[PDB]
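Participant: One file: protein05.txt (compact mmCIF, C-alpha atoms and all ligand atoms).
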# COMPACT_ATOMS: atom_id res chain seq x y z
CA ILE D 443 1.82 -4.51 -13.96
CA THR D 444 3.26 -1.64 -11.89
CA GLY D 445 1.74 1.81 -12.26
CA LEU D 446 3.68 5.06 -12.11
CA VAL D 447 2.35 8.61 -11.88
CA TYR D 448 4.55 11.67 -12.38
CA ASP D 449 3.38 15.10 -13.53
CA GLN D 450 5.98 17.83 -13.98
CA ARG D 451 3.47 20.53 -12.99
CA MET D 452 4.20 19.54 -9.40
CA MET D 453 7.65 21.10 -9.89
CA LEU D 454 6.02 24.55 -9.85
CA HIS D 455 5.66 24.78 -6.05
CA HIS D 456 8.73 26.65 -4.81
CA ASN D 457 10.11 28.89 -2.07
CA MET D 458 10.59 32.31 -3.64
CA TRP D 459 12.53 33.74 -0.67
CA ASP D 460 15.03 30.88 -0.14
CA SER D 461 16.00 28.93 -3.26
CA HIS D 462 18.14 26.63 -1.08
CA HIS D 463 15.19 25.32 0.91
CA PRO D 464 15.51 21.51 0.72
CA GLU D 465 11.90 20.85 -0.42
CA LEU D 466 13.14 21.50 -4.03
CA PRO D 467 11.21 21.17 -7.29
CA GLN D 468 13.97 18.81 -8.49
CA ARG D 469 13.02 16.25 -5.83
CA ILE D 470 10.46 14.68 -8.17
CA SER D 471 12.22 15.25 -11.51
CA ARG D 472 15.42 13.62 -10.26
CA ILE D 473 13.50 10.55 -9.02
CA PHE D 474 11.74 10.36 -12.39
CA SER D 475 14.97 10.79 -14.37
CA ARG D 476 16.56 8.03 -12.30
CA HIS D 477 13.66 5.73 -13.23
CA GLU D 478 14.47 6.41 -16.90
CA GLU D 479 18.21 5.83 -16.43
CA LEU D 480 17.49 2.53 -14.65
CA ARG D 481 15.08 1.61 -17.49
CA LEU D 482 12.24 1.21 -14.96
CA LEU D 483 9.91 3.79 -16.51
CA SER D 484 9.27 1.83 -19.71
CA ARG D 485 8.39 -1.23 -17.61
CA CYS D 486 5.58 0.64 -15.81
CA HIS D 487 2.09 1.61 -16.88
CA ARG D 488 1.93 5.41 -16.78
CA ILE D 489 -0.99 6.68 -14.69
CA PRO D 490 -2.14 10.27 -15.33
CA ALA D 491 -2.22 12.93 -12.67
CA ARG D 492 -5.37 14.89 -11.94
CA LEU D 493 -6.66 17.59 -9.62
CA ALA D 494 -8.35 16.47 -6.44
CA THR D 495 -11.71 18.17 -6.09
CA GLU D 496 -12.66 20.37 -3.17
CA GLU D 497 -15.18 17.73 -2.04
CA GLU D 498 -12.46 15.07 -2.22
CA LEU D 499 -10.28 17.32 -0.04
CA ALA D 500 -13.19 17.43 2.42
CA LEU D 501 -12.73 13.69 3.04
CA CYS D 502 -10.10 14.82 5.58
CA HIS D 503 -9.86 18.63 5.65
CA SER D 504 -12.09 21.43 6.89
CA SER D 505 -13.85 23.82 4.53
CA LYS D 506 -11.98 26.73 6.13
CA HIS D 507 -8.56 25.15 5.58
CA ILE D 508 -9.35 24.32 1.95
CA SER D 509 -10.51 27.88 1.29
CA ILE D 510 -7.45 29.49 2.90
CA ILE D 511 -5.00 27.47 0.81
CA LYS D 512 -7.12 28.09 -2.30
CA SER D 513 -6.93 31.85 -1.67
CA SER D 514 -3.14 31.82 -2.11
CA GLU D 515 -3.28 31.22 -5.89
CA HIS D 516 -3.38 34.94 -6.74
CA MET D 517 -1.71 36.41 -3.65
CA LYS D 518 1.11 38.91 -3.96
CA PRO D 519 4.50 37.76 -2.60
CA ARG D 520 4.07 39.89 0.54
CA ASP D 521 0.84 38.03 1.31
CA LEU D 522 2.19 34.58 0.46
CA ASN D 523 4.92 35.35 3.01
CA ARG D 524 2.37 36.38 5.64
CA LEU D 525 0.11 33.37 5.05
CA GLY D 526 2.95 30.84 5.04
CA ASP D 527 4.38 32.26 8.27
CA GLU D 528 1.07 31.52 10.01
CA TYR D 529 1.99 27.81 9.92
CA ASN D 530 4.78 25.61 11.27
CA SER D 531 7.40 25.30 8.51
CA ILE D 532 5.39 26.26 5.41
CA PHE D 533 6.26 28.28 2.31
CA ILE D 534 3.68 29.09 -0.37
CA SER D 535 3.82 30.22 -3.98
CA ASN D 536 0.96 30.89 -6.39
CA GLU D 537 1.33 27.34 -7.75
CA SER D 538 1.33 25.59 -4.35
CA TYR D 539 -2.42 24.96 -4.33
CA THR D 540 -2.37 23.41 -7.82
CA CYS D 541 0.57 21.16 -6.96
CA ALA D 542 -1.02 19.94 -3.73
CA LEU D 543 -4.23 19.18 -5.64
CA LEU D 544 -2.23 17.27 -8.26
CA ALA D 545 -0.39 15.25 -5.59
CA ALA D 546 -3.62 14.06 -3.98
CA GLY D 547 -5.36 13.50 -7.32
CA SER D 548 -2.38 11.55 -8.67
CA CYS D 549 -2.63 9.12 -5.75
CA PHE D 550 -6.42 8.84 -6.13
CA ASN D 551 -5.96 7.74 -9.75
CA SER D 552 -3.25 5.32 -8.58
CA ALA D 553 -5.41 3.85 -5.82
CA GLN D 554 -8.19 3.48 -8.38
CA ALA D 555 -5.94 1.82 -10.96
CA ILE D 556 -4.96 -0.67 -8.24
CA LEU D 557 -8.46 -1.33 -6.89
CA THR D 558 -9.90 -1.80 -10.41
CA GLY D 559 -7.27 -4.36 -11.43
CA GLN D 560 -5.63 -2.02 -13.94
CA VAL D 561 -2.28 -2.57 -12.17
CA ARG D 562 -1.08 -4.69 -9.25
CA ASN D 563 0.86 -1.93 -7.46
CA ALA D 564 1.95 1.64 -8.12
CA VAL D 565 4.43 4.38 -7.30
CA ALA D 566 3.52 8.08 -6.98
CA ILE D 567 6.30 10.62 -7.48
CA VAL D 568 4.52 13.65 -6.02
CA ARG D 569 5.14 16.88 -4.14
CA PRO D 570 4.49 18.80 -1.93
CA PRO D 571 4.32 16.09 0.77
CA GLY D 572 1.28 15.48 2.94
CA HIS D 573 1.67 13.53 6.17
CA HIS D 574 2.23 16.58 8.41
CA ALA D 575 -1.00 18.25 7.22
CA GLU D 576 -3.86 18.26 9.74
CA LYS D 577 -7.61 18.45 9.19
CA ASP D 578 -7.63 22.21 9.83
CA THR D 579 -4.07 23.38 9.10
CA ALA D 580 -0.92 23.02 7.00
CA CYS D 581 2.39 22.07 8.59
CA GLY D 582 5.93 20.91 7.83
CA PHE D 583 5.98 21.46 4.03
CA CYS D 584 2.53 19.79 3.76
CA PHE D 585 -0.76 21.40 2.67
CA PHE D 586 -3.19 18.47 2.34
CA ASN D 587 -2.67 14.97 3.73
CA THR D 588 -2.19 13.03 0.50
CA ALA D 589 -1.88 9.59 2.11
CA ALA D 590 -4.82 10.12 4.47
CA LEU D 591 -6.96 11.51 1.63
CA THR D 592 -6.00 8.54 -0.55
CA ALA D 593 -7.04 6.10 2.17
CA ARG D 594 -10.44 7.79 2.51
CA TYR D 595 -10.74 8.05 -1.28
CA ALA D 596 -9.97 4.34 -1.68
CA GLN D 597 -12.70 3.61 0.86
CA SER D 598 -15.09 5.85 -1.09
CA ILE D 599 -14.67 4.00 -4.42
CA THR D 600 -14.97 0.56 -2.80
CA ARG D 601 -16.46 0.29 0.70
CA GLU D 602 -16.05 2.26 3.92
CA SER D 603 -14.77 -0.84 5.72
CA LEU D 604 -11.85 -1.24 3.28
CA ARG D 605 -8.97 -2.05 5.63
CA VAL D 606 -6.15 0.33 4.70
CA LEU D 607 -2.69 0.09 6.25
CA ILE D 608 -0.55 3.23 6.10
CA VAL D 609 3.13 2.47 6.72
CA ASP D 610 4.91 5.79 7.23
CA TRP D 611 8.67 5.25 6.97
CA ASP D 612 9.49 8.91 6.44
CA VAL D 613 11.99 9.77 9.17
CA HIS D 614 9.49 12.23 10.67
CA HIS D 615 6.30 11.36 12.50
CA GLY D 616 3.14 11.78 10.44
CA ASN D 617 1.24 13.82 13.01
CA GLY D 618 -1.55 14.64 10.57
CA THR D 619 -2.09 11.03 9.54
CA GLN D 620 -2.17 9.93 13.19
CA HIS D 621 -4.72 12.56 14.22
CA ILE D 622 -7.00 12.03 11.21
CA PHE D 623 -7.32 8.28 11.88
CA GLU D 624 -6.80 8.35 15.64
CA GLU D 625 -10.32 7.09 16.48
CA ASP D 626 -10.72 4.81 13.46
CA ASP D 627 -10.20 1.05 13.33
CA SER D 628 -10.57 0.85 9.53
CA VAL D 629 -7.19 2.50 8.87
CA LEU D 630 -4.09 1.17 10.65
CA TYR D 631 -1.33 3.79 10.94
CA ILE D 632 2.19 2.48 11.58
CA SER D 633 4.93 5.11 11.78
CA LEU D 634 8.66 4.64 12.22
CA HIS D 635 10.38 7.91 13.02
CA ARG D 636 13.34 9.54 14.69
CA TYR D 637 11.99 10.96 17.95
CA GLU D 638 14.82 11.99 20.33
CA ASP D 639 12.42 12.58 23.25
CA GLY D 640 10.51 15.19 21.26
CA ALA D 641 13.60 17.01 19.96
CA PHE D 642 13.08 15.83 16.36
CA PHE D 643 10.53 17.53 14.13
CA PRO D 644 7.50 17.78 14.53
CA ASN D 645 8.48 18.03 18.24
CA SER D 646 5.35 16.53 19.83
CA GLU D 647 4.89 13.79 22.41
CA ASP D 648 2.01 12.64 20.17
CA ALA D 649 4.78 10.71 18.35
CA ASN D 650 5.72 8.52 21.31
CA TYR D 651 5.06 4.78 21.52
CA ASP D 652 2.37 5.14 24.20
CA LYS D 653 -0.07 6.92 21.84
CA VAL D 654 -1.99 3.85 20.65
CA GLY D 655 -5.24 5.42 19.43
CA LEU D 656 -8.50 6.53 21.00
CA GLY D 657 -11.94 4.99 21.38
CA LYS D 658 -12.60 2.32 18.77
CA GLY D 659 -9.24 3.26 17.24
CA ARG D 660 -7.42 2.09 20.37
CA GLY D 661 -4.71 -0.25 19.13
CA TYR D 662 -4.78 1.04 15.54
CA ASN D 663 -2.08 3.71 15.98
CA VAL D 664 1.44 2.25 16.12
CA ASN D 665 4.31 4.67 16.79
CA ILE D 666 7.84 3.26 16.59
CA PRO D 667 10.06 6.09 17.90
CA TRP D 668 13.87 6.05 17.67
CA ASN D 669 16.08 7.67 20.33
CA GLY D 670 19.83 8.05 20.68
CA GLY D 671 21.22 6.35 17.62
CA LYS D 672 21.98 6.55 13.90
CA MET D 673 19.44 3.96 12.81
CA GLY D 674 19.80 2.02 9.57
CA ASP D 675 18.95 -1.23 7.84
CA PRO D 676 19.33 -3.58 10.87
CA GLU D 677 17.03 -1.45 13.05
CA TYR D 678 14.35 -1.05 10.38
CA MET D 679 14.59 -4.73 9.44
CA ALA D 680 14.13 -5.60 13.12
CA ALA D 681 11.17 -3.24 13.60
CA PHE D 682 9.51 -4.87 10.58
CA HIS D 683 10.21 -8.40 11.82
CA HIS D 684 8.94 -7.84 15.37
CA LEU D 685 6.28 -5.14 14.95
CA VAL D 686 5.27 -3.93 11.49
CA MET D 687 4.72 -7.26 9.74
CA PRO D 688 3.11 -9.25 12.61
CA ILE D 689 0.66 -6.40 13.29
CA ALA D 690 0.00 -5.85 9.57
CA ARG D 691 -0.59 -9.56 8.92
CA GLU D 692 -3.02 -9.71 11.84
CA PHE D 693 -4.73 -6.57 10.52
CA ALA D 694 -4.85 -8.14 7.01
CA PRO D 695 -4.96 -4.91 4.98
CA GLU D 696 -6.79 -4.78 1.68
CA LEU D 697 -4.63 -1.87 0.49
CA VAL D 698 -1.17 -0.78 1.65
CA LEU D 699 -0.28 2.89 1.41
CA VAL D 700 3.36 3.73 2.06
CA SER D 701 3.99 7.28 3.21
CA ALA D 702 7.37 6.76 1.61
CA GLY D 703 9.60 9.54 2.75
CA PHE D 704 13.23 8.88 1.96
CA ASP D 705 14.74 11.21 4.56
CA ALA D 706 15.86 8.27 6.71
CA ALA D 707 18.17 7.41 3.81
CA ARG D 708 21.94 7.42 4.02
CA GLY D 709 23.09 10.91 3.09
CA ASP D 710 19.93 12.84 3.97
CA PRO D 711 20.92 16.22 5.46
CA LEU D 712 17.79 16.40 7.66
CA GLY D 713 17.32 12.81 8.82
CA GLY D 714 20.81 11.80 9.94
CA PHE D 715 19.99 8.11 9.42
CA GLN D 716 21.55 5.49 7.14
CA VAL D 717 18.84 3.33 5.57
CA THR D 718 20.30 2.07 2.28
CA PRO D 719 18.48 1.71 -1.07
CA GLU D 720 18.76 -2.05 -0.60
CA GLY D 721 17.16 -1.57 2.82
CA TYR D 722 14.21 0.24 1.27
CA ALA D 723 13.97 -2.54 -1.33
CA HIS D 724 13.64 -5.12 1.45
CA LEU D 725 10.96 -3.14 3.29
CA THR D 726 8.98 -2.82 0.06
CA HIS D 727 9.44 -6.51 -0.73
CA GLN D 728 8.06 -7.37 2.71
CA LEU D 729 5.07 -5.07 2.31
CA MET D 730 4.21 -6.69 -1.03
CA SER D 731 3.32 -9.87 0.87
CA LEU D 732 0.27 -7.97 2.20
CA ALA D 733 -3.08 -7.15 0.58
CA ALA D 734 -2.51 -9.49 -2.39
CA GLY D 735 0.42 -7.27 -3.31
CA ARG D 736 -1.48 -4.03 -3.90
CA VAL D 737 0.86 -1.40 -2.48
CA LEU D 738 0.81 2.29 -3.40
CA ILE D 739 4.13 4.00 -2.61
CA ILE D 740 3.62 7.74 -2.03
CA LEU D 741 6.61 10.06 -1.89
CA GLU D 742 6.68 12.18 1.26
CA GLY D 743 9.97 13.72 2.38
CA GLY D 744 13.55 12.94 1.47
CA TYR D 745 16.01 15.70 0.59
CA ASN D 746 19.24 14.14 -0.70
CA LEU D 747 18.43 14.16 -4.41
CA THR D 748 20.76 11.24 -5.15
CA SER D 749 19.63 9.19 -2.13
CA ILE D 750 15.91 9.60 -2.79
CA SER D 751 16.35 8.81 -6.49
CA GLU D 752 18.25 5.59 -5.79
CA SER D 753 15.98 4.62 -2.89
CA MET D 754 12.58 5.14 -4.52
CA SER D 755 13.80 3.53 -7.76
CA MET D 756 14.76 0.44 -5.75
CA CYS D 757 11.21 0.32 -4.40
CA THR D 758 9.79 0.44 -7.92
CA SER D 759 12.22 -2.32 -8.93
CA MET D 760 10.73 -4.45 -6.16
CA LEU D 761 7.16 -3.65 -7.20
CA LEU D 762 8.12 -4.69 -10.74
CA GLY D 763 9.10 -8.11 -9.36
CA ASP D 764 12.89 -7.83 -9.41
CA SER D 765 14.81 -9.95 -6.93
CA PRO D 766 15.59 -8.31 -3.56
CA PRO D 767 19.27 -7.36 -3.41
CA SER D 768 21.82 -8.71 -0.97
CA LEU D 769 22.11 -6.97 2.39
CA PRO D 774 23.73 -6.22 16.03
CA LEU D 775 21.17 -3.46 16.58
CA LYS D 776 21.88 -0.20 18.31
CA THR D 777 21.01 -0.80 21.96
CA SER D 778 18.31 1.87 22.11
CA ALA D 779 16.58 0.34 19.08
CA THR D 780 15.84 -2.78 21.13
CA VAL D 781 14.50 -0.51 23.88
CA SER D 782 12.28 1.22 21.31
CA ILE D 783 10.96 -2.09 19.97
CA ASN D 784 10.33 -3.43 23.48
CA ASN D 785 8.50 -0.19 24.31
CA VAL D 786 6.05 -0.70 21.43
CA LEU D 787 5.54 -4.34 22.40
CA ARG D 788 4.51 -3.23 25.90
CA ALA D 789 2.03 -0.69 24.55
CA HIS D 790 0.49 -2.90 21.87
CA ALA D 791 0.61 -6.52 23.08
CA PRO D 792 -2.88 -6.10 24.68
CA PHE D 793 -4.25 -5.28 21.19
CA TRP D 794 -2.38 -7.66 18.84
CA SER D 795 -2.20 -11.37 19.62
CA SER D 796 0.64 -11.77 17.09
CA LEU D 797 2.92 -9.89 19.52
CA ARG D 798 2.83 -12.81 21.98
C1 LIG H 1 12.63 20.90 11.01
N1 LIG H 1 12.79 21.61 9.71
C2 LIG H 1 11.48 21.55 9.04
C3 LIG H 1 11.16 20.21 8.42
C4 LIG H 1 12.08 19.24 8.04
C5 LIG H 1 11.71 18.02 7.46
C6 LIG H 1 10.38 17.68 7.22
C7 LIG H 1 9.96 16.32 6.60
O1 LIG H 1 10.66 15.77 5.78
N2 LIG H 1 8.75 15.60 7.02
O2 LIG H 1 8.36 14.42 6.51
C8 LIG H 1 9.42 18.65 7.59
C9 LIG H 1 9.80 19.90 8.18
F1 LIG H 1 8.93 20.79 8.52
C10 LIG H 1 13.23 23.04 9.94
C11 LIG H 1 14.25 23.58 8.85
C12 LIG H 1 14.83 24.94 9.30
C13 LIG H 1 15.83 25.51 8.28
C14 LIG H 1 15.11 25.76 6.94
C15 LIG H 1 14.49 24.45 6.44
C16 LIG H 1 15.64 23.47 6.20
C17 LIG H 1 16.38 23.19 7.52
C18 LIG H 1 16.98 24.52 8.05
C19 LIG H 1 15.42 22.61 8.59
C20 LIG H 1 13.53 23.85 7.49
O1 LIG H 2 -6.02 27.70 -12.89
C1 LIG H 2 -5.15 26.88 -12.66
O2 LIG H 2 -4.32 26.64 -13.53
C2 LIG H 2 -5.10 26.18 -11.30
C3 LIG H 2 -5.41 24.69 -11.43
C4 LIG H 2 -6.01 24.33 -10.11
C5 LIG H 2 -6.83 25.54 -9.71
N1 LIG H 2 -6.14 26.65 -10.39
K K H 3 7.28 8.17 9.92
K K H 4 -6.02 4.37 13.24
ZN ZN H 5 10.24 13.78 6.69
Show this structure as C-alpha cells.
Facilitator:
Amino acid sequence: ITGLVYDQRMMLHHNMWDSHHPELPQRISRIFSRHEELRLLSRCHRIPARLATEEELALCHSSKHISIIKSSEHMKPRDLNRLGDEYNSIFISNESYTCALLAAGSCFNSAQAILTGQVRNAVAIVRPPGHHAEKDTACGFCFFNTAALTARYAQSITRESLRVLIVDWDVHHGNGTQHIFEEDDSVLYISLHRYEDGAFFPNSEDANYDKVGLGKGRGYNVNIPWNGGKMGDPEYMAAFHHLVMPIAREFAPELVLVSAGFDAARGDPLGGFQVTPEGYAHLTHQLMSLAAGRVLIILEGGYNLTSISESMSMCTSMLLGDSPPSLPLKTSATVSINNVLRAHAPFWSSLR
C-alpha cells in the first residue's frame, strides 16, 4: 500500500505582489491532477493533512521564529511585504502560516502511517517547501523545515535513535536541513545540488563537499555539489551508484525521507538541469531497497508544472510497485564524485 497526502488548502499561500513568481499555488494541484490522469490516485491510500502544532514546530525551530511567522496571519499587505523582505527570498500572505503548518502536519501523518504499518511508503504533495528553512529563520520560499521536522517527529513517535536518511535531490542545497542535523549521527543528510562554486542559490560554501558534519555528526553530512555542467540522468545515476547507495546501505536507515524537489528536472526554468521522469523513477526505485521499503517522498521545489507533475507521478508509480522504465558522464561530474570520496572515505568503509 502506498499512501498519498494532498490538501488543497496549501494552494492558498501566494505572492500578492508578483503573480508570476514560480512558487505557484498550481504546483501541487497540477501534480495531483496528473496522479488522477495517470490513474495513480485510486491506487493509493489517501492520508489526511493536519496542522502541525507549535510544540511540534519546536522540534527544530525557535520559539521566536514560530511566533514571528504566526504573527503574519492577520497582517496588512504593507506589513506582509515588510516582514517577507526581512528574509532571503520569502513572500508571505495571510494564509502562508496555515499552509506551512499543513505541509509539516501532512508529512507527520504520512511518517506515522508508514511507521505504524498502515502503508509501506507514501508521497506528500505539499507546499510551501521547507529545506531552506533554518532553526531561527525563513529562507528561499521556506518557512519551516518540513523534512527536518518530519525526521524529528518520526523519532518522537518511535525512538530517538531511529536512523533517518534524508536524501535531498532538489537542485538546491538544503542549508536548513544540513545545519539542523549538522552535529547529529542519528540523521544522515545526503544532498545533491548544483553548486557552481557558490554562484547557485543559496550561495553558501556550506554546500561544498568538504562540509562533512561536526562533532559526533562528523561523517553524517554528505554534500554532492555539481559544477560546470548540465547534469542529468547519467550523473545522478553515477552519484547514486558510487556515493548515495553505498553510504546509505552502510548507514542502514530505518526511514528514508526524500526532500524531493523536482527543479533538477528537464525543463525547469530555475535549475537548468535535465533529469528525466524516468531518471527520477530509477532514483526512487533504488531508494526503495532501503529501510524495508519505507520511503516518504516530500515535495520541495520544482517549478516547471509539466515536469514536476510527470516526475513526481513517476516516483509514485515506483512506490506502487510498477516496473522501472527503460533509460559518458560530464567530466566535472567525475571530479565532483571523486571530491566527495576524498572527504568521506575516512567515515564510510563502503567507499573503499
Ligand atoms: C534564486 N531565486 C530564489 C530561489 C530559487 C529556487 C529555490 C528552490 O527551489 N529551492 O529548493 C529557492 C529560492 F530562494 C531568486 C529568484 C529571483 C527572481 C524572482 C524569483 C524567481 C527568479 C527570478 C529567481 C526568485
Ligand atoms: O484560523 C485558521 O484558519 C488558521 C489555521 C491555522 C491557524 N490559523
Ligand atoms: K539538494
Ligand atoms: K547529520
Ligand atoms: Zn530548489
Participant: For ligand K 3 (chain H), collect every residue having any atom at a distance of at most 8 Å from a ligand atom (counting all atoms listed in the file); output as a list in words.
Facilitator: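 Selection of residues at most 8 Å from ligand K 3 (chain H): residues 609, 610, 611, 612, 613, 614, 615, 616, 632, 633, 634, 635, 636, 701 and 703 of chain D.
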Participant: Using all atoms listed in the file for the distances, tell me which of D:620, D:552, D:785, D:536 is nearest to residue 456 in chain D.
Facilitator: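 Ranking D:620, D:552, D:785, D:536 by distance to residue 456 in chain D, first place goes to D:536.
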Participant: Which residues, protein or nucleic acid, reach to within 12 Å of (-7.7, 21.6, 1.4) in the file's coordinates when using only C-alpha atoms, and can you give that as an NGL selection string?
Facilitator: :D and (493-514 or 538-546 or 572 or 575-580 or 584-588 or 591)
Participant: Would you save the residues of that selection, restricted to C-alpha atoms, as a JSON list (two decimals), keeping the file's coordinate frame?
Facilitator:
[["chain", "number", "residue", "atom", "x", "y", "z"],
["D", 493, "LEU", "CA", -6.66, 17.59, -9.62],
["D", 494, "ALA", "CA", -8.35, 16.47, -6.44],
["D", 495, "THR", "CA", -11.71, 18.17, -6.09],
["D", 496, "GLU", "CA", -12.66, 20.37, -3.17],
["D", 497, "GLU", "CA", -15.18, 17.73, -2.04],
["D", 498, "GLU", "CA", -12.46, 15.07, -2.22],
["D", 499, "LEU", "CA", -10.28, 17.32, -0.04],
["D", 500, "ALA", "CA", -13.19, 17.43, 2.42],
["D", 501, "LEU", "CA", -12.73, 13.69, 3.04],
["D", 502, "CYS", "CA", -10.10, 14.82, 5.58],
["D", 503, "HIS", "CA", -9.86, 18.63, 5.65],
["D", 504, "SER", "CA", -12.09, 21.43, 6.89],
["D", 505, "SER", "CA", -13.85, 23.82, 4.53],
["D", 506, "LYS", "CA", -11.98, 26.73, 6.13],
["D", 507, "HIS", "CA", -8.56, 25.15, 5.58],
["D", 508, "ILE", "CA", -9.35, 24.32, 1.95],
["D", 509, "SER", "CA", -10.51, 27.88, 1.29],
["D", 510, "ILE", "CA", -7.45, 29.49, 2.90],
["D", 511, "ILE", "CA", -5.00, 27.47, 0.81],
["D", 512, "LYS", "CA", -7.12, 28.09, -2.30],
["D", 513, "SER", "CA", -6.93, 31.85, -1.67],
["D", 514, "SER", "CA", -3.14, 31.82, -2.11],
["D", 538, "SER", "CA", 1.33, 25.59, -4.35],
["D", 539, "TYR", "CA", -2.42, 24.96, -4.33],
["D", 540, "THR", "CA", -2.37, 23.41, -7.82],
["D", 541, "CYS", "CA", 0.57, 21.16, -6.96],
["D", 542, "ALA", "CA", -1.02, 19.94, -3.73],
["D", 543, "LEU", "CA", -4.23, 19.18, -5.64],
["D", 544, "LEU", "CA", -2.23, 17.27, -8.26],
["D", 545, "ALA", "CA", -0.39, 15.25, -5.59],
["D", 546, "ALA", "CA", -3.62, 14.06, -3.98],
["D", 572, "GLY", "CA", 1.28, 15.48, 2.94],
["D", 575, "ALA", "CA", -1.00, 18.25, 7.22],
["D", 576, "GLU", "CA", -3.86, 18.26, 9.74],
["D", 577, "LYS", "CA", -7.61, 18.45, 9.19],
["D", 578, "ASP", "CA", -7.63, 22.21, 9.83],
["D", 579, "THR", "CA", -4.07, 23.38, 9.10],
["D", 580, "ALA", "CA", -0.92, 23.02, 7.00],
["D", 584, "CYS", "CA", 2.53, 19.79, 3.76],
["D", 585, "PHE", "CA", -0.76, 21.40, 2.67],
["D", 586, "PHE", "CA", -3.19, 18.47, 2.34],
["D", 587, "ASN", "CA", -2.67, 14.97, 3.73],
["D", 588, "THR", "CA", -2.19, 13.03, 0.50],
["D", 591, "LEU", "CA", -6.96, 11.51, 1.63]]
Participant: Please give me, as a list in words, the residues lying within 6 Å of ligand K 4 (chain H) when counting all atoms listed in the file.
Facilitator: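 My answer, listing the contacting residues, is residues 623, 624, 626, 627, 629, 630, 631, 659, 662 and 663 of chain D.
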Participant: Show me which residues sit within 6 Å of ligand LIG 1 (chain H) when counting all atoms listed in the file, and put them as JSON, numbers by chain.
Facilitator: {"D": [463, 464, 531, 582, 583, 612, 614, 643, 742, 743, 744]}
Participant: Taking only C-alpha atoms and all ligand atoms into account, which of D:680, D:706, D:549, D:517 comes nearest ligand ZN 5 (chain H)?
Facilitator: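 Among the listed residues, D:706 lies closest to ligand ZN 5 (chain H).
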Participant: What's the separation between CA of residue 571 in chain D and CA of residue 741 in chain D, in Å to one decimal place?
Facilitator: 7.0 Å
Participant: Counting all atoms listed in the file, which residue out of D:697, D:728, D:535, D:490 sits closest to residue 449 in chain D?
Facilitator: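 When distances to residue 449 in chain D are compared using all atoms listed in the file, the smallest one comes from D:490.
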Participant: Take CA of residue 485 in chain D and CA of residue 761 in chain D and report the distance between them in Å, one decimal.
Facilitator: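 Atom-to-atom, CA of residue 485 in chain D and CA of residue 761 in chain D are spaced 10.8 Å apart.
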Participant: Work out how far CA of residue 750 in chain D is from CA of residue 769 in chain D, in Å to one decimal.
Facilitator: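 Here the two named atoms are 18.4 Å from each other.
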